[PDB]
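These notes are about the structure you will find just below.
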Protein chains: 2
Amino acid sequence: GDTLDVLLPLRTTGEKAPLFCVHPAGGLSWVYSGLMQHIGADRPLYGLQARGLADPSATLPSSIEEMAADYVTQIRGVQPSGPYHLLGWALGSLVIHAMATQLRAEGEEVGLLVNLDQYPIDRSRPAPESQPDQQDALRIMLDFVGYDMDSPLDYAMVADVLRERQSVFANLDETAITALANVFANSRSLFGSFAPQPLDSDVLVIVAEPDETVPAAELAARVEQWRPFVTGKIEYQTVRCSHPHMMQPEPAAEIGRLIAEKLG
Amino acid sequence: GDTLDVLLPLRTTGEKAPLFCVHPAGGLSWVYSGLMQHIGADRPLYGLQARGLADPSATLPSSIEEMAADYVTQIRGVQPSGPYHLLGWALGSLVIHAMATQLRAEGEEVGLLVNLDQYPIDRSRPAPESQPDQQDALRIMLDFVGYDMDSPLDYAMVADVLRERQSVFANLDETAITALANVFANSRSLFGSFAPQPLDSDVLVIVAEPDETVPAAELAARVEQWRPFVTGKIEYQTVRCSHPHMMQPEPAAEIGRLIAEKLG
């Protein structure tokens, strides 16, 4: 069916402008469903999913800018105008920045911008800390169908669990599994080539920080790493979880209610 | 077992200096077995394989410079002196370049440098054609056990063929198969951060060119792309195959005999 489409219709019904959510390195946006309960029931909600999944013969984007332009066209087949509201997670945030750059430069209004715990890259000697991690990409997948993390992940395992827990992932075959790994390999080469342009909007970073003994200033200083690319306001909010666990029910509820608060 | 260890003993017997072959992006060096028939039977042959295979708990190298230092120590525990003979294929070639500068700067003698169809990277907009391709990494594996290609590849298939055709790949589990995809993901983020230093040694490039209507000057011009990193001589030789097919019997015979000829 339409499991692996580039445009993922989580909820088309709705009066108010839609919120577009772009995938992490992994490339699937089904994980963003966890916001639906907490963002306005009058809000459409669209996932954006990597090329190379629905079609493994497809030439993957070779730049985040190319990827972003792909996704702007999709969200604009949904939304012709209005304030486009963007959410990303890890590489997604790198994508919505380019998109909002692209929209702003072409006269479109960019509204809400929500970045999920992703910070700028030294393309000099790229940090593994801030570069996409396969096990996290797996942990994000497992969380989507609520696997109990208290039991070194592998694709075959994540698959059967997904294949079983949600039967629109049944018929996700050994082809797709490799296209998942192929798409994720591309994410990392998209890190450390991408140089965000300055963005004249306000943005909202969700800081994933499970250590409550971490001083608040480091949370502001971490988020302020975006200052060469934002001349608007840089607002930030912390969920109490590690990077791959942000769509778990607690952070997803904190995140989703925070998205609604502003979109209202 | 010893299947996925960093130092792969393809042949330990031999009084003459050993040849060290570093893996492609895929990370496995078993494919270099196909030279054994054509390099002198008095020549040790060692494979160098990626960390994170034998142990998927390992922290991968974050730079080719670091990976190269890992492998230099490995090849130095085999040969402590003499002229160090390096072969690489795609990403491996980038790695033997780094090792060679690392040896040269510490007074070691570098001898034979054989680079298999890999050319330097624009780190600003890295070309996907000179970046490692997942399907190519799988075709390299299929070839190792001589799969007849006249039939969009997936990991689970490549593994079963390896599992059957060669029983030292039995017990190659779903963990390792993911560890392969994880190792290959690291390969591409290792491209485009690697800035080779100048190398005062002679290098020999094998140009993969399956199109014979291709003029000869363009093959010298292609190889000369290494000129900012080789102040010593740049010799080249063309096998009539594409990039992932370079260890098939025909090209492996040409390549192995060309290695012997020089080492004699």
Would the stretch A:40-52 turn up any residue that is within 14 Å of chain B (Cβ to nearest Cβ), among the small types (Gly, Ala, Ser) and farther than 15 Å from residue A:180 by Cβ?
no
Filter the stretch B:186-218 for residues that are farther than 22 Å from residue B:231 by Cα, among the aliphatic types (A, V, I, L, M) and within 14 Å of another protein chain (Cβ to nearest Cβ) and give the result.
B:190
Taking residue B:30 as meeting all but one of (1) buried (at least 24 other Cβ atoms within 10 Å of the Cβ); (2) away from chain A (no Cβ under 14 Å), write down the number of the exception.
(1)
When both residues are 6+ apart or on different chains and their Cβ atoms are under 9 Å apart, which pairs have a first residue that lies in the stretch A:128-152 and is assigned to a loop (DSSP other than H, G, I, E, B), and a second that is surrounded by fewer than 19 Cβ atoms within 10 Å (Cβ to Cβ) and charged (D, E, K, R)?
A:130/A:122; A:145/A:164; A:145/A:165; A:146/A:165; A:147/A:165
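Could you say whether any residue in the stretch A:10-23 is among the aliphatic types (A, V, I, L, M), buried (at least 24 other Cβ atoms within 10 Å of the Cβ) and part of a loop (DSSP other than H, G, I, E, B)?
Checking the stretch A:10-23: not a single residue is among the aliphatic types (A, V, I, L, M), buried (at least 24 other Cβ atoms within 10 Å of the Cβ) and part of a loop (DSSP other than H, G, I, E, B).
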When both residues are 6+ apart or on different chains and their Cβ atoms are under 9 Å apart, which pairs have a first residue that lies in the stretch A:1-22 and is within 18 Å of residue A:91 (Cα to Cα), and a second that is basic (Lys, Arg)?
A:6/A:51; A:19/A:43
So, in the stretch B:180-236, how many residues would count as being part of a helix (DSSP H, G or I) and aromatic (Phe, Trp, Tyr)?
3
Identify, please: which residue in the stretch B:171-180 is of a type in the set (S, T, N, Q) and surrounded by fewer than 24 Cβ atoms within 10 Å (Cβ to Cβ) and is, among those, nearest to the other protein chains (Cβ to nearest Cβ)?
B:175
Select from the stretch A:96-127 the residues that are small (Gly, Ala, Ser) and either in a helix (DSSP H, G or I) or within 14 Å of another protein chain (Cβ to nearest Cβ) (or both) and list them in ascending order.
A:98, A:100, A:105, A:124, A:127
Given the criterion within 14 Å of chain A (Cβ to nearest Cβ) and over 30 Å from residue A:193 (Cβ atoms), identify the matching residue among B:145, B:161, B:168, B:183.
B:161
Consider residue A:236 carefully, then state whether it is crowded, with 20+ Cβ neighbours inside 10 Å, in contact with a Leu (Cβ under 9 Å, 6 or more places away or on another chain) and not β-branched (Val, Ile, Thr).
no
Collect the residues in the stretch A:140-152 that are surrounded by fewer than 20 Cβ atoms within 10 Å (Cβ to Cβ) and within 16 Å of residue B:181 (Cβ to Cβ), keeping them in residue-number order.
A:152
Report the residue count in the stretch B:1-30 for those that are closer than 18 Å to residue B:142 by Cα and touching a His at 6+ places or on another chain (Cβ under 8 Å).
1
Matching residues, the stretch A:17-58, being charged (D, E, K, R) and under 16 Å from the mean Cα position of the chain (by Cα):
A:51
Select, from A:216, A:253, A:208, A:220, the only residue that is crowded, with 16+ Cβ neighbours inside 10 Å, at negative phi and among the small types (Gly, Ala, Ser).
A:208
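Could you look through the stretch A:55-87, keep only residues that are among the charged types (D, E, K, R) and either in contact with a helix residue (DSSP H, G or I) (Cβ under 7 Å, 6 or more places away or on another chain) or away from chain B (no Cβ under 14 Å) (or both), and pick out the one that is nearest to residue A:175 (Cα to Cα)?
Taking the stretch A:55-87 as the starting set, the residues that turn out to be among the charged types (D, E, K, R) are A:55, A:65-66, A:70, A:76.
Now narrow it down to the ones that are either in contact with a helix residue (DSSP H, G or I) (Cβ under 7 Å, 6 or more places away or on another chain) or away from chain B (no Cβ under 14 Å) (or both): A:65, A:70, A:76.
Values: A:65: 27, A:70: 23, A:76: 30 Å.
Selected residue: A:70.
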Checked A:37, A:49, A:102 against criteria (farther than 19 Å from residue A:256 by Cα and out of contact with any strand residue (DSSP E or B) (no Cβ under 6 Å at 6 or more places or on another chain)); the one match is A:102
Determine which single condition residue B:257 fails, assuming it passes every other condition in (1) within 30 Å of residue B:63 (Cβ to Cβ); (2) out of contact with any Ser or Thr (no Cβ under 7 Å at 6 or more places or on another chain); (3) basic (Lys, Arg).
(1)
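In this analysis, Cβ positions are derived from the backbone assuming ideal geometry, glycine residues included, and neighbour counts consider all displayed protein chains. Taken together, the values in this text are just the output of simple stated rules run on the coordinates, not laboratory data.
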